[PDB]
Structure formats: structure tokens, C-alpha cells
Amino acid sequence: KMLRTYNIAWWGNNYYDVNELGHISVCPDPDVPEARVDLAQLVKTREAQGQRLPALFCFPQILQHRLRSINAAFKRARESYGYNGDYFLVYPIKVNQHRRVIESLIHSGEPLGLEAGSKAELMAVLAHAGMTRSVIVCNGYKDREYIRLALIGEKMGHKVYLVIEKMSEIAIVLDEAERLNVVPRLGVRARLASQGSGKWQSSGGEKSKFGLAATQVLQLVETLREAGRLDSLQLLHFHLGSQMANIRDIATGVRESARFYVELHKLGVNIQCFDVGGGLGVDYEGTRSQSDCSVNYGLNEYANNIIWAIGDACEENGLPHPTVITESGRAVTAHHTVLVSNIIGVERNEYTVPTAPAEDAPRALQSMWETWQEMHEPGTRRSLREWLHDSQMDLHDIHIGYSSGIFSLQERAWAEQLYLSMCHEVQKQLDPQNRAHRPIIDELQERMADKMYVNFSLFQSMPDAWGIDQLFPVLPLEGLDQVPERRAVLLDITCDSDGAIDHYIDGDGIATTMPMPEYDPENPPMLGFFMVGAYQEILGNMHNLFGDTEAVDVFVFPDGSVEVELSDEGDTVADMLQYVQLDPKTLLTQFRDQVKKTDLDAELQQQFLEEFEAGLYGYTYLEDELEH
């Protein structure tokens, strides 16, 4: 029932699933369902083989399959409607610039383009591109340097589209086009009034980054008429934003932007490209709803909505079907990487039968003991709801009273334990079928859950979980077959209390606590963080000087073999000290001296520069210590 309460089947998209052994297995390519891998086994294997603690396992095969899937979805819709236009995805580097992603996509069989949101990204795109004539599209604020490079990429051979997202831009691109003597290939991004909040305006106090207002789109078409270059403007672009929860928001977005296609044609411009610009959401929770981190529409539904919109739009006015482009970055990168780490220590409560308090102790403590004895004796069993309220209030009195200076620490420590024992007892008697026992059964699972510490940095590995309440499915890599025997809250090894997971997946909705299988506190399992593929890897900050986690690319062939090559090095203490300008080399020698004036033997004096230098050039994270 635990694989059902985690919704693995739903957000897993057939890539992840619990094998016939309780362990979570992964099938990087669901086209060959027999090519699976015991993720838990693979971890243990690499673990005992010398693998670094917090690791990032990536299955580039998923990137490719995912890409092939959306293309298939748009194909399943192009034919079903009768659309005569082509369709290809244009991955926006923004969501992940990592070589692995850019490459896995390029080196696939499906046709795709690359979008750059800045001059720096354009550079990286041109890099990955190579001598292969690839399609590139440039967005973001543009200046001379950027417009130039863009134009230089066009003259280079590459079919690069320069999206006009600000009137003042068209002036520059044109001038620089003559200076470099190159025929500009550019597109336009129009503001939409569909959202509904003054997003249509181009100068309003509304926080709408780019886009051309209705009047400015006409001025662009007019300016291109003067320089006789309407043939240049050939791409239409609009972005509704990332993670579009509600499908209607999208329909209302293409419906409108689609009229810009026809209205622009009536003015003469051609435009063979209709760029719906990403927006396609990814179900993170696993309930497939209209919530925050979840979409209420499937892959096909999205495709249909898109094609049909531009479709009927053309038919009506008798126009040719343009090439449909999309920039669903998050959509493809989403679940191709899993963060995996270990439990470095746990805080399980210790149930101990309480002993009568000092005969001459405060009444508050006598009261708590009076209630305890009353539980253990044939009286009333439903009166437990009351006994609870009793212990809670007495504990509160001695607590507030402790600060007042009218209760000893020994007394407070005593009361606290009796109360924790009171819970452990009431939690047993509790009846799950009784309506008055359910609001408490949930209250106790909280005040009785384990507090485990995972070997990672939330700010480094899942920053989106900080800036936004980004929900990421977190679960143990094994024992997913049995029923939850206890709850637990998990927090990272950051000294900041803000480093922990707030909400967890729990079937119907999200709970403040995470359900865990019966595990040995002396030897806990590994933890897996999924859907942590987009906007994550290269966007974390070194909180307590914790650097990049190590990453590995895992492959699974129909053959049955499994390749696992290194993908990322992983920062070391030394790397971090370089950032804050310290230089490890000069720091080593400074230690070499202080240790000579140790006045201690040469035996120990040297095994210290070993310990020091070891940790100096060693991983940034912690080592598993037996303090669970």
C-alpha cells in the first residue's frame, strides 16, 4: 500500500516503479519494459565500491525517450486533425545547460532546436551546435554584442532566429545586419491580453518582462516594409510561463496568439513558425490535478489543444499550416535525474516506563502521574481523549513554570518523558474506526515520528524547493512493498533550520510528515529525490560552503548490461575555499608550520597533515558515522 500512497505509478511515467522485491527499479527506456534496474541494488553496489555519498544519478536515456514521446504526441494529433505542418521541440538551455542534457537531446533521432536566453547561453549553444547546421532561437534582453553574435551565427550557416521582444531592438538588429552584411532571419513576440491584468500593455507598471504591444507589432511590420524585409520576419512567439497548471489557460493562450498569425498574414508578412513557447507542465505530486505542482492535462491533450487552435485558425482564413514549435524544457528534463543520499543519523523517541515522582514534588507532576496510573487499570478506555488533554496541560504548566523558575530541569525532563510515554500508550489503545479517534491518531503520528538527517544540502541540490515550495517526491529506495510502520520528517545537514522538507507526497494530498517502512535505525536505507531534473543541477548555492554533488550517468541496455560512467566531479573543500579567496596550497604550508611548533612527537605531528590535507582536498559532504 506504500507504493500506492507515493503515487509512483502516476508521476513515474513508467520510468520509475517498485520491482517484485520491494526495491525501486528504473526503466530508462519504457519501449523495452524488460530493461529495468534495481536502483537500490545499484546504489549499494557503487556504495561499497567507493562511490561518494550524496550522488546524482542521471539516465540520459530518459531524456531521449521523453523527447520522442512529446514528438509522438504531436504527431498523434497532427494526423488526427489533418495538419500539414511540421513540428519540432526547441529546448531552452535555461532549464539546464549541462552538457549531458544538451548532448543527449542533440544525439537523438528526433528533430530539435536550441533556445538561448542571453548572450552567454547563445555562446554555449553555438558551442554544442558545432558544424551541424542547427536551428537556434534567441530571447532575452539584447544589446550590440548579443545581436551581433546572433547575426554572425546566421551568416555562419545556422538558421538562427532573433526574436524581437522590444521595439527599440528592431532598430539595432537592422543596423547591425547591414554592418555585417547579412540578411536577418527574425521572429516577433507579441503581448497577449488573454492572461487578463494589463499584460497587453508594454509600458504598464505590470511586471511583464518582454513582448510587443498591439501597436508596436504593427510598427514592426511597417518598419520592415520600408526596408523591404517582410520576408525576414518569419517567426511568431508567445510565452504563457512555466508550469501551466490549468489546461484552459493554454487554450486561451494559443487561441489568441493564433489570431496574430492570421492578422499578421493579412498585412503581408509570412511567418512559417508558430512558437507556443514551453509552458507545458509536469505532474510532480502525482495526483494529476490543477494544484500548484501538478497539471490537469496530459501530453496528448496539450498537443491537441495546440494544433487544433492554429489548425482551425488557418482553415477559416484559408491560410497554410505553419511549422509548430514548442520550448517545453522542464517537460523533457523533468525526470531524468534522481538525487540519492544516505541517513547520517536519526532521532527516534525512547519509550521508558516512568517511575513515581518525588513525594514532595509540585502538584503539576503529581497530576501527570495520577493520570498515568489511571490509564493502567480497568476503568474507562474512551476517556483517553481526556487523559491526553490532561497531560498536555500539565506539561505546559511545568514548561512555562520552568522558565518562571519554579520547576527544576530534573522535573521538566521527567514530565516531558512521562508525556512521551503517555502518547506511546494512547497511540496503542486508539481505535482507527472511531471518528473521535482519527483527529488524534494524526496528531500522534506527528509527535511520534522519527527525525532523520539526510546527507545533502537542500540549497545545493533542490534550490527550487526553497525559493518556491517545489514539491519533490522523496521516498526510500526499498521496503516500498510493506505498509508504513512510522512517520518521519527529514532535514539536510545544513546548520540552518530552514534546511528540510516541508511537505511530502501522501496519496490524496500532501502531509507534513513522510511515511517510512519498518527500518533498522542502526542501518537505515538510501533516500531518493525524483523529478529533480529541471532548474536544479546548475542553480544551487553553496550554503554552508557545500559544493556540487557528484553526478553519474546510468545506462541500461536491452542486453541486460548496465553502464555507469562518471558525469560530474563534485566540489571539494579546497574548491570552496578558492571561491572565498583562500588558495589551499598556501593554506597547507601555513599548517605545516603550526604543526612543527606542536612540541609533540613526529609520529602524530605527521599523521595530522595527513588528516588535514585529506579533508582539505576531500569531498565537501560528511561521512557516515554510527550515531543513528
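Quick note: we count residues from 1 along the sequence shown, nothing fancier.
The deposited model assigns a higher average Cα B-factor to 478-486 than to the other stretch when 478-486 and 82-90 are compared. Two stretches are in play, 436-444 and 491-499, and the higher mean C-alpha B-factor belongs to 436-444.
Which of 311, 211, 253, 379 has the largest Cα B-factor in the deposited entry comes down to 379. Per the PDB entry, 509 shows the highest C-alpha temperature factor of the residues 463, 279, 533, 509. The PDB entry assigns residue 587 a C-alpha temperature factor belonging to the highest third of its chain's modelled residues. Sorting the modelled residues of the chain by their CA temperature factor places residue 348 in the highest third. Among the modelled residues of its chain, residue 161 has a C-alpha B-factor that falls in the lowest third, as given in the PDB entry. Split the chain's modelled residues into thirds by C-alpha temperature factor. Residue 61 is in the lowest one. Per the deposited record, the Cα B-factor of residue 8 falls in the lowest third when ranked against the other modelled residues of its chain.
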